[PDB]
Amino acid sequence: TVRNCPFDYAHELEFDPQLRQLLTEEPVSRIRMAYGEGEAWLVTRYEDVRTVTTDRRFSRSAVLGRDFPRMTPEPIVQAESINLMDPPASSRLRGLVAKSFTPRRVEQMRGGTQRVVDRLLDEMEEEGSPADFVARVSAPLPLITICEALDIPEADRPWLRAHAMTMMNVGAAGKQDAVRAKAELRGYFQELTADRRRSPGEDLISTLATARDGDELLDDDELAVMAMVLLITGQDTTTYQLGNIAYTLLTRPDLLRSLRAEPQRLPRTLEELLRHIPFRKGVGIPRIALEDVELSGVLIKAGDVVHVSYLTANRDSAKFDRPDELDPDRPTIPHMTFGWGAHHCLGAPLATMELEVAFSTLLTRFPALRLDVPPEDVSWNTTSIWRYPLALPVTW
């Protein structure tokens, strides 16, 4: 009665058939994952994911100390992270970093991001066709963006990203590498944040370090971990989504033609691309039931582990008509690709702006952009919790 879920489906950007079957046939189910102990509930329907991520009887703080069902042999989350805080404690720190991503703030960052994108595309154009869109655009843009915000020295950026990637590996033998990568990244940020708290500058880390409401909002360890979390989160999914969206556009000719004909369609089209693309393998950080709760007729016991699938929520026909169709003109309904509820993505406005600047500029600068290989020759990542193309040869 307990499903085996290695969550290793990795075929292109096709939806995981196991996740689709559970959404359809067993929407609240018991699963066993690659690592951690015991079973977990898996919640798949949009309305039920909405419940689990907002109802205060499902807790992230209670995950602390558990060897919880998960996809990587060492957990990516850290003890002091915002991910493992509950409201109202999580609200104050979420509100603090959200201040750095207000609508005025990201629109004041947009000019600088436009200049980065212009330079990346200049360099790609100078090297000449064909090129790897991953190496030239999707990999560098988010790393530059978050490292400029955190004021990270350019010389350190490859080392930081390499360590973050090690933590995302699902292979069992990589556990000790992942433990070491997490410890070395934590040490880097403990030292860096201590320096910025001691001697503040005008960067984001200094802003977080000096924030007070009587006491400092972040103690020394919370500050170190928050800077580390912002680096890690800022440079993975946005890189992978730039690549996933590029592949999708370059293999959907009517959709790409529509964006070339009417570029003002891009913001709404990007929202539908985000809803549709299965950008991760499996499921992420669970929650713990704090007491017995009957979720859509299923009794979840106090202490049980509860996982949500945002990917199945995005394909729930109860919410999205013809959910497997990529339809940029469909009625607008909030998707779950940035999560939901108390832990909704803090970087969503920044990621959205990066996607809009990159693709709006790409589409006008390279009107003959095409994939330079048959789509089936594109290789897709198997080693990570994320889904992404390893390389994307393009011509123009």
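Numbering starts at 1 and follows the sequence shown.
The mean C-alpha temperature factor is higher for 292 to 300 when 271 to 279 and 292 to 300 are set side by side. Averaged over CA atoms, B-factors in the entry run higher in 93 to 101 than in the other of 154 to 162 and 93 to 101. The residue among 195, 177, 127, 254 whose C-alpha atom has the highest B-factor in the PDB entry is 127.
Of the candidates 368, 63, 357, 336, the PDB record gives 368 the highest C-alpha temperature factor. For residue 352, the recorded CA temperature factor ranks within the middle third of the chain's modelled residues. Residue 389: CA B factor in the lowest third of modelled residues in this chain (values from the PDB entry). In this PDB entry, residue 364 carries a Cα temperature factor that places it within the highest third of its chain's modelled residues. Split the chain's modelled residues into thirds by C-alpha temperature factor. Residue 324 is in the highest one. In the deposited entry, the Cα temperature factor of residue 233 sits in the bottom third of values across the chain's modelled residues.
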